[PDB]
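These notes concern the structure reproduced below.
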Amino acid sequence: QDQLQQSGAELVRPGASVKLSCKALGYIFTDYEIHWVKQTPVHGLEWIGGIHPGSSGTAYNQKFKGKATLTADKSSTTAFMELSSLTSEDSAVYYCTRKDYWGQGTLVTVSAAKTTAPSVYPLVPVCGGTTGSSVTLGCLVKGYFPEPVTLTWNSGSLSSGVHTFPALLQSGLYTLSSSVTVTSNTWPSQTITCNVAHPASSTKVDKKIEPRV
Amino acid sequence: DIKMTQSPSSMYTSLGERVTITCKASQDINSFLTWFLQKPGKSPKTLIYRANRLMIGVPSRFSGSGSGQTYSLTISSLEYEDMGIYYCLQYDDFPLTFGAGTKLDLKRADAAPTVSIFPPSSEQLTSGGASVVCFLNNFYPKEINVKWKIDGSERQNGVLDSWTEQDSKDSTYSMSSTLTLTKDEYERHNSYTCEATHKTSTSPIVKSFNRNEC
Amino acid sequence: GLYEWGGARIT
């Protein structure tokens, strides 16, 4: 008896459909119910419905009955869940569970965006400003799509005082921000450079963080 | 539907301590309750089923609920591995409904934030968009009021706030606060301020910069 | 089908 395998991430347009797969392994497919659950920051966990691969019976949640279609294929021991008329509120993590064991999740992002590269903007400490016993640099990657975007500080070798925040959404695009706290007796000599790579646009910008009056 | 009520919503515990989360169902769910753990970045793991049966594998530090309509998962002694959000689920009837979760974080001595303010870059201004970023680093606890005040007056629109999940090295957290304005809208004002009310400092922690030169 | 679990079933 063993586990459940979900299909990889989906990046679909509004108006469109998707079909998620839940391959089951190591047990008798047609004997155990498979249910579909939805995760989001606003509402958290939500149950879409269930299927019985053996009897073909289905139970839907009234919230997703007009949008969800549960199917199963005995031959390949895969549960299908089809999500149609995609809207921005369908962006989420979808799990397939057998109640005791779970699949790993399938991230679905509904978006009208286009491949857009970031603007990496060096974040200079107020230059005509105050001091202390430590200096914090910064970096801004505003307006990309899609995620991800890995940023490093002095190519991953200067990373003891690093901070990288989760990428927020604004205007349809992503913005992430990073902060390094370095010794006040270090910055202008030993240079600190923000390294930013956006695979999807195939761009790798390096912005010099430089002071300015 | 069965409103499922799980309390607390979040909690601050230390290794060694005894944890109790409660689940309250709007009806008698006939002990048809399941407990499970979401570790950040991971798919739920079942711990306890039908109110009190431990899933195979689960350590015996974990133990479960009551009956009738209120249930609890008790953790005898808290271990690091146990940090995640906890969730309860009733399966007595359809639809299936979840409690709103309980987040567990490691607790510490208070620490206040290092705040840093950055006026827009020249570069971005040369594209005519203006970003006033603010970093509030390494504080604890997690509660922090970030208020933006332009030339004295507080503005709450066009402000993104990203959070760091409690670091696992120092058990502190920290946000990034960002005001966005256009080039025309930024050069109408002068003083820009980053305001923080945090426990452990009775009076707001303020950094700031003047567009003339502070 | 998880006999031991009890609870709602699609059947």
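Neighbour counts run over all protein chains shown; Cβ positions are idealised from the backbone, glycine included. What follows is calculated from the coordinates using simple rules that are stated; it is not laboratory data.
Residues whose amide H falls under 5 Å from that of B:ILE205, counting only those 5 or more places apart or on a different chain, are B:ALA196, B:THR197, B:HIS198, with hydrogens built in the peptide plane. In terms of its C-alpha gyration tensor, the stretch A:1-148 has a prolate overall shape, because the principal axis ratio a/c (a ≥ b ≥ c, square roots of the eigenvalues) is not below 1.5 and a/b outweighs b/c. Residues of the stretch B:113-136 with the amide nitrogen closer than 20 Å to a label point 7 Å from the Cα of B:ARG155, along Cα-to-Cβ, please. Residues B:116-136 fall inside that zone. Per q in 0.08, 0.18 Å⁻¹, report the Debye log10 I(q)/I(0) for chain B, using one uniform scatterer on each alpha carbon and no solvent. With no solvent term, the Cα-only Debye profile gives -0.44, -1.12.
Reported to the nearest whole Å, the Cα centre-to-centre distance from the stretch B:1-59 to the stretch A:48-91 is 26. The trypsin sites (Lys or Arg not before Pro) of the stretch A:128-213 that DSSP puts in a loop, and whose beta carbon has at most 16 other beta carbons within 10 Å, are A:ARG212.
Would you tally the net charge around A:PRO188, using a Cβ to Cβ cut-off of less than 14 Å, leaving A:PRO188 out, and scoring K and R as +1, D and E as -1? Local net charge: +1.
Bridge orientation summary for chain A: considering DSSP beta bridges with both residues in this region, about 95 percent are antiparallel. Per-residue Karplus couplings for the stretch B:157-166, computed as 6.51 cos²θ - 1.76 cosθ + 1.60 with θ equal to phi - 60°, are listed in order as 9, x, 9, 9, 10, 9, 10, 8, 6, 2 Hz, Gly and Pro entered as x. Less than 5 angstrom separates the built amide H of B:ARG155 from those of B:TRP148, B:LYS149, B:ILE150, all sequence-distant by 5 or more or on a different chain. Using a cutoff of 8 angstrom between alpha carbon atoms and counting only pairs six or more residues apart, the relative contact order for chain A works out to 18 percent. In the neighborhood of A:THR77, defined by Cβ-to-Cβ distances under 13 Å, what is the net charge if each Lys or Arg adds +1 and each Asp or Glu adds -1? Charge balance near A:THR77 sits at 0.
Phi angles across the stretch B:172-187 convert, under the Karplus curve 6.51 cos²θ - 1.76 cosθ + 1.60 with θ = phi - 60°, into 3J(HN,Hα) values of 10, 10, 5, 9, 9, 10, 9, 8, 10, 9, 8, 5, 6, 7, 7, 8 Hz, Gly and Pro given as x. Near B:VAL58, no amide H atom lies under 5 Å from its own; only residues 5 or more places off or on other chains count, and H is placed 1.01 Å from N. Over all other residues within a Cβ to Cβ distance under 13 Å of A:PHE64, the charged ones net out to 0, with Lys and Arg as +1 and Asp and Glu as -1.
Taking GluC sites (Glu not before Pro) across the stretch B:122-172, the ones in a DSSP loop with at most 14 further Cβ atoms lying within 10 angstrom of their Cβ are B:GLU143, B:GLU165. Rg of the Cα atoms in the stretch B:97-139, relative to 2.2 N^0.38 Å, amounts to 2.02.
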